[PDB]
Every structure is written in C-alpha cells, then in structure tokens.
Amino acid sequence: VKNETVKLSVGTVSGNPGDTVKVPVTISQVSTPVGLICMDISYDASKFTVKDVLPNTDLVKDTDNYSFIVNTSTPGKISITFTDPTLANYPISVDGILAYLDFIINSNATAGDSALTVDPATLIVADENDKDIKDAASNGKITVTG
C-alpha cells in the first residue's frame, strides 16, 4: 500500500547567515508515470531569500519548452509546475530529485530550525492522461547555525 502513493519530499539542510544552501525536492515511490506536478513550498522570508529554483535535468526534460515553471512572485512562497510539453515522451517515470531550491540565509537570520512546508491542499500530481494519481508531501527544513 505504501508504494502506491507518490511522495514529494523537501530536504533538510543547514547553514550560517550569509551563505547559500541547496535544498533538494525529491520524488519517490513513483508508480504511474507522472505528467503533471503543481506544488507550493512555503518558507520564512524574514530568514531566507530565494536565489533560484533549478530542475534536475536527469528527470526534468524539455525545459526549453516550459516543462518547469517557477513562480516566486509571492515572498515566502515557491510554486513549482512540472509538465511534459510533448504529452508523451518525458513523463517522470522513476524516483529521483525533482529540483533544488537555492536559498540565501539572510544576514539577520536567527538560529534554529525553520520549516519548508508543502501545502497539501494545492498539491497536484497527475498521470500522462490527466488522471489524478495518489500523492503525498513531506516537509523539510533549514537549520540556521554558526
């Protein structure tokens, strides 16, 4: 039963103020090939600034045709949309890293854990034929250290 639910998991990292950190977003327990992912990741914008959101090109193909769309227009929210522009050739069919979130730790960030949360209500995962797939999310965190 566990492997029938595909999981989108945000990783756990640490760093000090002024440095950047790279947080993996992983897809695991892929069964039905995935043709659409829409996810929102929340972060504390008082502590972190998004520098970039980079797809893992081993899994995410056809980026020239907008297979990977990132919306960082709302501070504290990262919206990632994966689609297969060809509707056939490049679903996500095996486990792996989907993307890396590149954050700056702000000079004033106070020490300790800060959660990176996936909104379960807006999470969308569907197959190549536009049918919703059983899915779940797992949250991550950045720990600010010396």
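Note that residue numbering begins at 1 and tracks the sequence as displayed.
For the segment pair 57-65 and 115-123, the entry gives 57-65 the higher mean B-factor, averaged over Cα atoms. Taking the PDB entry at face value, the top CA B factor among 34, 80, 88, 50 belongs to 88. Listed residues 105, 41, 94, 101 were ranked by CA B-factor as deposited; 94 comes out on top. The PDB entry assigns residue 24 a C-alpha temperature factor belonging to the lowest third of its chain's modelled residues. The entry lists a Cα temperature factor for residue 142 that places it in the lowest third of the chain's modelled residues. When the CA B factors of the chain's modelled residues are split into thirds, the value for residue 74 lands in the highest one. The deposited CA B-factor of residue 14 belongs to the lowest third of values across its chain.
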